[PDB]
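In what follows, a single structure is set out as structure tokens and then discussed.
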RNA sequence: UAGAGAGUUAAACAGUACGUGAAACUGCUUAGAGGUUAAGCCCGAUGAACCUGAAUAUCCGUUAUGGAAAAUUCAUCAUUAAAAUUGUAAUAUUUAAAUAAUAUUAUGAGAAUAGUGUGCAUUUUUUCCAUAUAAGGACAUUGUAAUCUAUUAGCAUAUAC
RNA sequence: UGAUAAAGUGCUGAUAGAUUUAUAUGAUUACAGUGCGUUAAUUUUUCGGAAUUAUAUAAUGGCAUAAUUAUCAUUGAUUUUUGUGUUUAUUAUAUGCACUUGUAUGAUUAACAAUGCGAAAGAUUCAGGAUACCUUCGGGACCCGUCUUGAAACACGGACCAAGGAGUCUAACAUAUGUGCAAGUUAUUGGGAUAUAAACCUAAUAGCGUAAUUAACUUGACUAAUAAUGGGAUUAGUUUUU
RNA sequence: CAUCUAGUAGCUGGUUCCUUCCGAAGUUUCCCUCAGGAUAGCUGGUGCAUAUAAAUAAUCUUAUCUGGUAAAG
RNA sequence: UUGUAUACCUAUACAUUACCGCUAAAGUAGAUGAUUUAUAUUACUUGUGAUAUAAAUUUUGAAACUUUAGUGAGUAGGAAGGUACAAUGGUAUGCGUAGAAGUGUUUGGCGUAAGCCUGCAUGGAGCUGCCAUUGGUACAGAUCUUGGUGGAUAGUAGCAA
């Protein structure tokens with residue numbers, strides 16, 4: 001499926017050594033096998049390029065459950081793309097007929113973070129968890145966050 | 140010094156090297172002479188050189204655009220002397236070649252041009 | 247892997263190509279979400295485009311003479327390449343060759359004072375004609391002082 | 002999809018008529034309306050209607066029966082005769098190469114057709130010329 | 001003879017001989033066809049005097065007369081009769097050579113049709129059967 | 002003997018796309034004609050960028066194109082992207098824009114068109130602006146790639162911050178000796 | 001055993017190394033040569049053998065004349081019947097206003113195709129051949145003479161210091 | 001007296017070479033020369049002949065000052081920008097029309113002449129050819145692969161032939177390039193629909209990405225609805241714009 | 001004897017087509033490291049940013065700082 | 001031998017030129033009555049321009065043509081393009097008992113080269129060019145593997161308890 005016509009086995013026919021030198025030509029494992037020895041003769045290669053290899057920074061969680069730190073998040077940055085496409089500007093008549101009741105647990109999201117630059121319209125967001133700046137820019141525009149599961 | 144000889148050219152040696160051997164540099168390429176338009180098209184708006192005798196003037200009498208009059212040229216790809224050389228690895232004043240010949244650069248350019 | 251098979255449709259297999267693949271305004275009905283691929287070029291006739299009077303009124307010129315133009319002649323054994331590159335070579339090349347032709351006449355005259363034969367055409371056409379064309383510059387001192 | 006410059010790049014290296022011929026780098030192509038069999042750009046099959054084909058005969062060994070340009074007024078979806086319009090000069094060599102340079106008031110492929118016609122007439126010249134050779 | 005090319009040039013060949021593989025005379029297992037020697041000491045490869053020469057590209061033929069036969073023409077293999085008619089317009093620049101596996105029955109049409117179109121063939125009178 | 006001709010004697014630009022797309026090489030046919038016959042460096046940028054790879058023609062957002070178009074005295078120019086133009090859902094009101102791009106994304110196509118302005122191809126641009134007048138020539142940010150953050154790692158220097166290659170995230174994954182002052186040292 | 005002659009077969013160079021029948025290695029034939037790194041080799045030639053390629057008409061002109069044939073839309077034209085092109089116009093379609101492009105109609109000028117006729121050649125039109133100028137001219141291989149580049153050698157017409 | 005230098009000074013005799021498909025997609029371009037050309041004097045060999053002098057304008061020298069500028073040494077000498085006449089010399093422009101076998105042929109190689117006819121099937125003439133050789137001769141020329149600072153090596157391998165004979169597949173990642181879509185993306189475990197281990201359609205998930213950090217607990221990216229990193233610098237481009 | 005087993009080898013040996021272009025290294029640090037790595041240097045490939053100055057960059061002159069070797073004692 | 005003099009000889013160096021490549025730069029893409037060029041009528045300048053009638057060149061594998069310059073050492077190594085082998089998908093209105101593959105060869109060639117085409121001779125039923133995609137893809141070496149063979153040597157090896 002791969003070429004070989006473009007591979008270099010086909011260009012080294014027939015030059016003697018096949019890419020590898022007269023002198024210290026291709027032998028089986030001349031530094032060892034795999035990640036060994038990372039503290040001895042491959043020391044420099046493991047720091048640089050991999051610092052933080054060899055040690056132990058700690059707290060052993062026997063049986064992590066990744067269904068505990070789940071929390072899908074969403075910035076204020078988007079947040080208006082969730083409500084449909086033409087209500088974007090159909091409310092900026094100007095006519096404040098609408099704070100959109102958004103429920104993020106029906107959109108798969110659990111926290112509302114706040115990176116934002118949000119517009120001046122009210123919303124009614126219903127996330128599980130809060131960012132503090134999220135609830136400080138939605139209150140600044142006449143909105144809520146209904147603290148709901 | 141030991142890889143070079145130099146000396147002080149005549150007017151006749153300035154002419155014969157630009158007439159017979161003088162090539163010129165046109166947008167990094169080497170272009171022979173064959174007319175005055177190869178010299179004029181590159182040195183008349185900036186400098187005031189249009190002829191060949193212009194280029195012979197501000198090289199021989201070393202003029203204010205000598206920097207351009209001699210970097211316009213290519214290096215003069217000279218022949219080999221007729222009768223050849225003297226030693227090539229002694230000074231001229233030892234028994235002959237490298238360094239300042241000083242007026243005998245003329246006689247050697249007759250052999251090479 | 248090659249395009250252009252001869253394909254025969256029927257008509258109810260030609261009605262359904264607007265459902266399978268989409269349309270250029272709407273998406274498809276049967277390939278849910280498929281839009282037709284957009285080309286990188288709508289007009290695509292490079293022959294109409296290269297004519298084309300929006301493009302043609304802004305182009306430069308084809309300026310046309312092609313410069314083959316090589317051989318370097320030697321202007322020390324040529325004269326027609328020396329008098330092309332340096333006019334005023336011609337002026338002194340004439341001014342010394344005319345004086346060299348005048349040194350000849352003063353020599354063959356002053357030698358032949360021991361023979362002094364002619365004065366006609368054979369070995370003294372290039373001698374005794376110009377020895378008596380100094381009467382043709384007797385006029386220039388005499389008749390030109392009327393100004 | 003409409004252009005010939007697009008059409009060519011889809012075929013310029015594989016079509017049924019391309020003849021690669023091992024050394025002189027690309028001169029050949031065998032499609033029935035070429036006039037100088039080369040694969041060039043539009044000395045070619047379909048040009049969408051300046052496909053000029055000078056051919057013999059139909060009555061071999063008569064004359065140069067020219068398959069002409071097929072131009073606009075059918076679609077160019079092709080025949081059961083619909084797209085091709087086929088007119089054939091005869092009678093001479095000098096007075097039908099002028100009534101083929103005259104049927105082509107427009108000049109570009111003309112002189113490929115004035116050399117393909119002048120070589121079809123030569124190709125059936127040995128039935129009158131180059132006799133019994135005593 | 002037949003239709004000689006288009007005011008023919010005089011072909012200058014850089015060398016006429018071919019290139020012989022090093023030590024191919026010593027062994028009957030070495031063809032003469034050029035292999036570049038890779039060996040670390042090889043006096044051919046290191047281009048010592050007196051040895052067999054190597055093919056560099058200064059030996060390459062003039063670009064005008066590359067692939068021209070001695071008779072002036074480039075070559076065009078012909079495999080059947082319709083392929084010969086491609087040479088209707090190329091007979092000032094091309095030969096025609098009938099493919100070795102074209103039979104005697106069908107080579108007779110090809111040499112026939114190439115006097116009409118005035119194609120100069122390179123192998124006429126081959127696989128005849130010059131009888132009836 | 003003369004001196005001395007290593008590199009980059011042979012320049013390592015591109016002179017052609019590496020690309021067997023026929024619609025792309027028809028635009029190279031235009032723009033070699035357009036560059037050679039109108040010697041605008043607009044048309045030489047379009048040609049040279051039409052040769053480029055998928056890196057070196059990064060995407061560009063619908064919100065970065067709407068915001069480069071607050072260029073003053075330019076109410077009528079064309080946005081030229083030799084590259085793609087992606088939709089931005091963080092942009093709530095699309096302005097009235099004229100966009101020339103190789104690929105305009107599909108949802109970027111409707112939000113430009115419902116505003117409504119122009120999506121053009123580079124031959125609808127060669128007719129409207131053969132010299133690139135009324136044009137905003139914009140590209141994407143090249144080194145926004147994730148791959149660029151990994152160039153290149155060797156701790157000791159307070160410049161470094163250069164992203165090691167590592168299979169998972171968490172402790173147990175390259176976070177102790179050399180990352181942490183209570184394990185060896187900090188890098 | 002077999003050899004030789006027959007014989008079968010399309011063929012025994014298919015007869016049990018039974019398709020093909022390579023190389024190594026040599027018996028015989030044939031052709032040159034042999035004390036000359038041990039041979040073999042490279043380059044440039046060489047004798048012998050063999051092989052390959054190569055004139056299509058004038059100077060200081062794809063000539064004046066003169067002959068010959070034949071289309072019988074052409075012949076110059078006039079007339080007719082068609083088939084498309086190009087450029088106008090219009091309608092229905094796409095892309096709804098123009099724009100474009102596609103069919104379906106019409107229009108004009110100029111061409112081309114087949115038919116008839118001051119005429120079949122009415123002096124023209126197609127198609128062939130001897131007849132002038134400076135030559136067999138063209139071709140290749142030579143010799144000559146002149147030109148230009150790069151180059152070698154040799155003489156001496158005067159000036160200055 | 002000699003030496004050095006300069007003047008297409010000039011002349012003589014050689015040698016080797018001569019791209020060039022002038023449109024298998026751009027003028028044979030300009031220069032210059034030669035042919036009919038109102039005159040009138042002054043000479044010339046006396047031949048269709050030949051020379052000279054006489055026309056304006058623009059310079060440039062030589063000369064005679066008067067300025068001026070500025071310097072080796074200054075009794076003077078050199079020098080820059082001038083001026084005007086005195087003057088005596090020299091170049092340039094004022095050659096239009098038609099024609100012709102006179103330069104760059106815009107890497108020019110082009111001519112006169114000799115030899116030889118590409119015969120219906122097949123000779124011959126000229127030039128060329130290590131075709132695989134053989135003959136002859138002069139120059140060159142050690143045996144390859146290999147490890148090596150160094151191999152012809154008294155380093156190892158190889159008597160000769162034919163066939164076989166050594167950088168792959170896979171998992172994972174990286175960079176690069178191709179391609180598709182693009183805040184996405186990827187159906188490929190399955191299920192459908194049938195035409196057949198393919199192709200077609202598709203639910204719900206999931207991976208990777210879009211949000212990180214921290215040992216962990218927490219926490220989580222500025223008032224851009226409008227500032228691409230905010231600001232600055234270096235900045236290709238833009239009817240920008242003067 | 002058969003299998004595990006094609007056990008492993010920083011070691012010897014071999015590693016199969018042509019032309020074109022560019023062209024090394026025997027040094028650094030570190031390693032139970034000294035017939036070997038990893039590391040940096042040297043190499044190539046692939047680009048990209050800038051083509052009908054006053055951008056800079058590298059051996060001399062100038063200005064300045066530095067030096068304890070030859071010589072000197 | 002020391003010190004000199006002229007005149008020669010000798011590189012793959014240097015100069016010029018022809019040719020190959022590589023590098024770097026530049027040109028060219030209205031074909032519809034597009035561009036020219038030579039004549040032939042009129043506006044008019046003296047002359048040029050325009051309409052008209054008299055022959056050609058140009059559909060430049062836009063990956064092509066055209067123009068100009070420089071340049072050339074190479075192990076280990078990298079990279080481009082090219083060539084051999086076998087297949088699969090397309091393709092060539094391909095080839096073939098009127099002789100395919102293979103082999104043999106002083107048949108003639110082409111290619112810088114790997115290699116290719118061709119004639120004849122043997123052979124007897126299959127095979128090739130192109131586009132793509134490939135793979136158990138190219139041998140002189142490995143005291144390589146299998147097989148066959150040569151000298152030594154028809155033997156001073158030897159066949160003598």
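Protein chains in written order, with PDB author numbering: chain Ca, 1 to 149; chain CF, 140 to 252; chain CC, 247 to 393; chain Cr, 2 to 135; chain Ce, 1 to 132; chain CQ, 2 to 188.
Ideal placement from N, C-alpha and C gives every residue a C-beta, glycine not left out.
If the criterion is Cβ atoms closer than 8 Å, does the pair residue i and residue j meet it?
| i | j | result |
| --- | --- | --- |
| residue 51 of chain CQ | residue 29 of chain CQ | yes |
| residue 124 of chain CQ | residue 295 of chain CC | yes |
| residue 117 of chain Cr | residue 89 of chain Ce | yes |
| residue 140 of chain CQ | residue 84 of chain CQ | yes |
| residue 143 of chain Ca | residue 124 of chain Ca | yes |
What does the alpha-carbon distance come out to for the pair residue i and residue j?
| i | j | result |
| --- | --- | --- |
| residue 134 of chain Cr | residue 91 of chain Cr | 28 Å |
| residue 188 of chain CQ | residue 25 of chain Ca | 36 Å |
| residue 62 of chain Ce | residue 12 of chain Ce | 8 Å |
| residue 251 of chain CF | residue 151 of chain CF | 14 Å |
| residue 146 of chain CF | residue 209 of chain CF | 16 Å |
| residue 288 of chain CC | residue 122 of chain CQ | 7 Å |
For residue i, which option in the options has the closest C-alpha, if you only look at C-alpha atoms?
| i | options | result |
| --- | --- | --- |
| residue 155 of chain Ca | Ca:149, Ca:31 and Ca:23 | Limits of chain Ca in this structure are 1 at one end and 149 at the other, which puts residue 155 of chain Ca out of reach. |
| residue 95 of chain Cr | Cr:108, Cr:87, Cr:83 and Cr:64 | Cr:64 |
| residue 114 of chain Ce | Cr:111, Cr:14, Cr:123 and Cr:103 | Cr:123 |
| residue 45 of chain Cr | Cr:106, Cr:10 and Cr:74 | Cr:10 |
| residue 279 of chain CC | CC:305, CC:269, CC:286 and CC:361 | CC:269 |
| residue 107 of chain Cr | Cr:69, Cr:8 and Cr:28 | Cr:69 |
| residue 114 of chain Cr | Cr:67, Cr:20, Cr:16 and Cr:29 | Cr:67 |
| residue 133 of chain CQ | CQ:94, CQ:171, CQ:183 and CQ:44 | CQ:44 |
| residue 19 of chain CQ | CQ:46, CQ:40 and CQ:54 | CQ:54 |
For the region 67–116 of chain Ca, which segments carrying the beta strand (DSSP E) assignment without a break, of at least 3 residues, lie completely within its bounds, in sequence order? At a cut-off of 3 residues, the continuous stretches assigned as beta strand (DSSP E) that sit fully inside the region 67–116 of chain Ca are 101–103.
Kindly provide the ranges of any beta strand (DSSP E) runs that are 3 or more residues long and lie completely inside the region 98–142 of chain CQ, ordered along the chain. Counting whole runs of 3 or more residues, the region 98–142 of chain CQ contains the beta strand (DSSP E) stretches 99–105, 119–121 and 136–138.
For the region 33–94 of chain CQ, which segments carrying the beta strand (DSSP E) assignment without a break, of at least 3 residues, lie completely within its bounds, in sequence order? Within the region 33–94 of chain CQ, the complete beta strand (DSSP E) runs of at least 3 residues are 79–87.
Do the region 127–137 of chain Ca and the region 101–117 of chain Ca make contact, defined as three or more Cβ pairs closer than 8 Å? yes
Is the number of C-beta pairs between the region 378–390 of chain CC and the region 39–50 of chain Ce that are closer than 8 Å three or more? No contact exists between the region 378–390 of chain CC and the region 39–50 of chain Ce.
Restricting to runs no shorter than 4 residues, where is the alpha helix (DSSP H) found entirely within the region 41–114 of chain Ce? 81–84
Taking 8 Å as the threshold, find out whether the region 42–58 of chain Ca comes into contact with the region 144–156 of chain CQ through three or more Cβ pairs. Touching, yes.
For the region 117–126 of chain Ce against the region 79–87 of chain Ce, are there 3 or more C-beta pairs whose distance is under 8 Å? Three or more Cβ pairs closer than 8 Å define a contact, and the region 117–126 of chain Ce meets that threshold against the region 79–87 of chain Ce.
For the structure I just gave you, are there three or more beta carbon pairs, one from the region 188–200 of chain CF and one from the region 152–163 of chain CF, closer than 8 Å? Yes, the region 188–200 of chain CF is in contact with the region 152–163 of chain CF.
Would you call the region 330–345 of chain CC and the region 182–197 of chain CF touching, i.e. three or more CB-CB distances under 8 Å? Segments in contact, yes.
Whole alpha helix (DSSP H) elements within the region 273–342 of chain CC, 4-residue minimum: 292–295 and 328–331
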